[PDB]
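A short worksheet on the structure shown next.
Cβ: placed from backbone, ideal geometry, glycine included. Neighbour counts: every protein chain shown. Quick note: the coordinates plus some simple rules give every number you see, no bench work behind them.
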Amino acid sequence: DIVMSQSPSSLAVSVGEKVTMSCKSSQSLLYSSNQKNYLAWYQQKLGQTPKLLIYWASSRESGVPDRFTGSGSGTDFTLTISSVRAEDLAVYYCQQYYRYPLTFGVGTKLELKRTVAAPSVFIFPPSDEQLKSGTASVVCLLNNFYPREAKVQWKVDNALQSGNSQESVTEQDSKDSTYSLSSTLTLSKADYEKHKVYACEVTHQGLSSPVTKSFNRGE
Amino acid sequence: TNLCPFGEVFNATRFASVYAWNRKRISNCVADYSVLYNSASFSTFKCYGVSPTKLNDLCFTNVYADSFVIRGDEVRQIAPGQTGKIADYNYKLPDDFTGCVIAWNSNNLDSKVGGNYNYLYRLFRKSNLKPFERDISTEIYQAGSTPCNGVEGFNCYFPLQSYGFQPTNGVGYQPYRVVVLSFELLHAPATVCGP
Amino acid sequence: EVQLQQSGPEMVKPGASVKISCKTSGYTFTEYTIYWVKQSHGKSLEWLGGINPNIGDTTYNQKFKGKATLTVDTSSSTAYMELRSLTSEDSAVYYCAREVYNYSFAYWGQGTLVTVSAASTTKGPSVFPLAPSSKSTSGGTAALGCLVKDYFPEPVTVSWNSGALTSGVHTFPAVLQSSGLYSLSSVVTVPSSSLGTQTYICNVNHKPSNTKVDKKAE
Ligand SMILES: *[C@@H]1O[C@H](CO[C@@H]2O[C@@H](C)[C@@H](O)[C@@H](O)[C@@H]2O)[C@@H](O[C@@H]2O[C@H](CO)[C@@H](O[C@@H]3O[C@H](CO)[C@@H](O)[C@H](O)[C@@H]3O)[C@H](O)[C@H]2NC(C)=O)[C@H](O)[C@H]1NC(C)=O
Ligand SMILES: *[C@@H]1O[C@H](CO[C@@H]2O[C@@H](C)[C@@H](O)[C@@H](O)[C@@H]2O)[C@@H](O[C@@H]2O[C@H](CO)[C@@H](O)[C@H](O)[C@H]2NC(C)=O)[C@H](O)[C@H]1NC(C)=O
């Protein structure tokens, strides 16, 4: 069986520059009749069905921009974006078809390097539509920041909370490479009306000094 | 005077399969084409370009009498500008045909009890045939993106089917021998006329 | 225009059976071959087989054979896939894709979601306003959203103003809360200058429960 060998699992470089990922194969993907190599390249941006970039190892399909080019033969093929863009964030599979079964590669992810940029902190007190029913969810958005890394910490009356937050991360943006983080704090109608201050403290390599948004259990 | 030998062309023991359709060149002689047109041996004698009613009076550069076994359903595909498994992957007459296309029923000779498997047509070809072209090819049909290596299975098929001719069949799946007289006249001396 | 169309995401009691459709359109169904591709969340792609609608024959990925069966209909122009015994590995997103002589997967269908859950009753999601806050005091910008809280199984879809509002919108991966259901928050930045003027509405649809609810932001 014909197993695809890409490198390297994760990749990430800044706009301009030159990404160069690779795909390798158990068996010569050479058909000696026609002298073509039976290997395509798909561009799965997230939440989207894949999209073919290169066919027969080495041919932009119609509409594909010339900064993409495949290369190679036999075992070592190579995808080369000269001058990556913001939009070129996606997982890039190589896939062979010189035999059945049709095999995919493991995947090369393209993260994107940007310039450092500080989040933006907003706190949402849970609705009263949800209060009367019997829970309380505080939300701490962190919109449009790069790099991804950011320590979020809840405090109810300066009391650090623990073990009732979850956080949810977006994908890198495709227009200016920023992130977004969804720290949600849950309590109960019973526990939430034990306090006044709710806040969240937002450490980040952009935020020179920490930032805290906060509200008062009220109206 | 030398009579153009249509007895071969018409009354021969075996006809070629439509895919590998046969073509003899008839040249330098006289032939009565009203020995044919009278006969009503023929279930079809449609003509294109020329006319059969007094045909043995004109002279022509070249006469091509192509012949093969097709089936009754498909006789209607040996016209100008036809489409189907035969006009696409087997035998193609031009836009500008100038000839006649003769066919008669063929059970007596070509059908057989237990099916006659000797007459074959093409199922599959990459593109269609240019008029009067003739693929005698038996290479495996790449139905899709995967190469084949002379191994046939999924999306790799063998390109010819057999007609499987059986005598108690419908008229539609019953053998029909077919002679395609293509009379073309060029810019050189003529050498078939008739009376 | 070539178009392939799968079905609504599905939830199946484990070990039982399911059949995913594919309506092709805009080309001659018999001509071109259908493949099916499984992409299970957080992993890569996996080829699972092929069908050729004309002659009706199939090829299968070794490790999927038996437990799936591809099966076209000539008349309706529709490809099918049936998974017979659904373990939990089968919790994934199966694609149906068409072919070209040049490469194996040219046109892709929507995707169906297969969640294999033990009679976990389809739960409509509850939707709560993330009433706006602001970056600074002097306006600048402003943020607002929708909290989709208590639903099973995973596929939800959140628009802003029936699809009108689209730039800056930020919808976060569903996350799996201790309760067993899924919780999800779709938030949108907006110029603070508009908060009294425009109304801001989010439209949440939950297929596996026919839940289509629309709530604002007070
Ligand atoms: C499928 O692949 C073909 C390529 O054709 C094959 O590739 C070679 C490696 C050889 O094996 C060839 O003998 C064989 O045909 C794509 O074909 C299209 O080819 C032409 C180049 O000849 C491109 O433009 C066309 O040019 C001719 C004149 O030469 C015109 O008559 C045409 O009207 C047209 O302008 C065309 O860009 C190229 N296609 C693409 C996508 O780049 C064929 O398109 C491809 N199919 C798909 C879906 O990609
Ligand atoms: C094709 O043959 C016919 C008839 O010949 C008979 O059938 C053959 C298949 C073979 O078995 C022969 O030995 C048979 O005798 C030809 O018909 C003759 O045509 C001429 C002129 O039309 C007529 O005067 C004869 O009486 C016919 N003979 C018979 C027996 O009917 C026919 O001409 C042949 N076709 C061509 C193109 O030459």
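Structure values in brief
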| quantity | calculated |
| --- | --- |
| Charge-dipole axis of the protein assembly as shown as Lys and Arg at +1 and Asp and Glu at -1 on Cβ define it, positive-most pick from B:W104, A:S182, A:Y93 | A:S182 |
| Fraction of beta bridges assigned by DSSP in the range C:3-115 that are antiparallel (%, nearest 5) | 90 percent |
| For the range C:178-218, the Rg and Dmax computed from alpha carbons only, in angstrom | 13.8, 40 |
| Gain upon complete extension [A:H195, A:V3; 0.36 nm per residue less C-alpha separation] | 63.3 nm |
| J(HN,Hα) series, the range A:29-37, from Karplus relation 6.51 cos²θ - 1.76 cosθ + 1.60, nearest Hz, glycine and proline x | 7, 9, 9, 6, 5, 8, 6, 10, 10 |
| Antiparallel bridges, percent of DSSP beta bridges restricted to chain A (to nearest 5) | 95 percent |
| Residue list for the range B:1-38, given a label point 7 angstrom along the Cα-to-Cβ vector of B:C59 and an amide N cut-off under 14 Å | B:28-31 |
| Table column - 3J(HN,Hα) (Hz), the range A:145-159, Karplus curve with 6.51, -1.76, 1.60, x for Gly and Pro | 10, 9, x, 5, 8, 7, 8, 9, 8, 8, 9, 10, 6, 6, 7 |
| Ordering of B:68-80, B:1-13 by burial proxy (mean other Cβ atoms within 10 Å per residue, highest first) | B:68-80, B:1-13 |
| Using θ = phi - 60° and Karplus 6.51 cos²θ - 1.76 cosθ + 1.60, couplings along the range C:93-109 (whole Hz; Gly, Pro as x) | 10, 8, 9, 10, 9, 8, 10, 9, 4, 7, 7, 7, 8, 9, 10, 10, x |
| Average partner coverage of A:93-100, which counts Cβ from other chains inside 10 Å | 5 |
| Set of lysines with alpha-carbon distance to B:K46 below 25 Å, sequence-local pairs under 8 removed | B:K24, B:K54, B:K85, B:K92, B:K130 |
| Cross-link partners of A:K132 among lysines (Cα-Cα below 24 Å; sequence separation of 8 or more within a chain) | A:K155, A:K189, A:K194, A:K196, C:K123, C:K149, C:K212, C:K215, C:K216 |
| Computed E for A:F215/C:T121 - FRET, C-beta separation, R0 35 angstrom, nearest 0.05 | 0.50 |
| Per-residue mean of C-beta atoms belonging to partner chains within 10 Å, peptide C:168-175 | 5 |
| Residue mean of other protein chain beta carbons inside 10 Å, C:93-104 | 5 |
| FRET efficiency estimate (nearest 0.05) - Cβ-Cβ, B:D96 to C:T28, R0 30 angstrom | 0.55 |
| Inter-site label distance for A:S62 and A:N158 at 7 Å from Cα along Cβ, in nm | 6.9 nm |
| All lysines inside 30 Å of A:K18 as judged from Cα atoms, apart from same-chain residues fewer than 8 positions distant | A:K36, A:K45, A:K51, A:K109, A:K113, A:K175, C:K43 |
| Shape box of the protein assembly as shown [Cα atoms, principal axes, largest first, Å] | 123, 51, 51 |
| Measure of compaction for the range B:115-166 (Cα Rg per 2.2 N^0.38 Å) | 1.28 |
| Projected label distance in nm at B:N169 and A:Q27, using a 7 Å step from Cα toward the beta-carbon | 3.9 nm |
| Ranked by how many other beta carbons lie within 10 Å on average, peptides A:113-123, C:192-202 from highest | A:113-123, C:192-202 |
| Mean projected area in nm² (Cα convex hull; one quarter of hull surface) for the range A:95-215 | 11.5 nm² |
| Percent of alpha-carbon pairs separated by more than 16 Å within the range C:127-215 | 54 percent |
| Principal axes of chain A: Cα extent on each, largest first, Å | 78, 35, 27 |
| Partnerless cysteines, meaning none of the other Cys C-beta atoms lie under 4.7 Å away, in chain B | none |
| Positive-end extreme of charge dipole, the range C:72-136 - chosen from C:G124, C:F105, C:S134 (charges on Cβ) | C:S134 |
| Within chain A, helix-based [θ] at 222 nm, where runs of 4 or more DSSP H residues each add -39,500 (n - 2.57), nearest 500 | -500 deg cm²/dmol |
| For A:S22, residues with placed amide H under 5 Å, excluding near neighbours | A:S7, A:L79 |
| Amide H partners (placed H, <5 Å) of C:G111, local residues excluded | C:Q6, C:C96 |
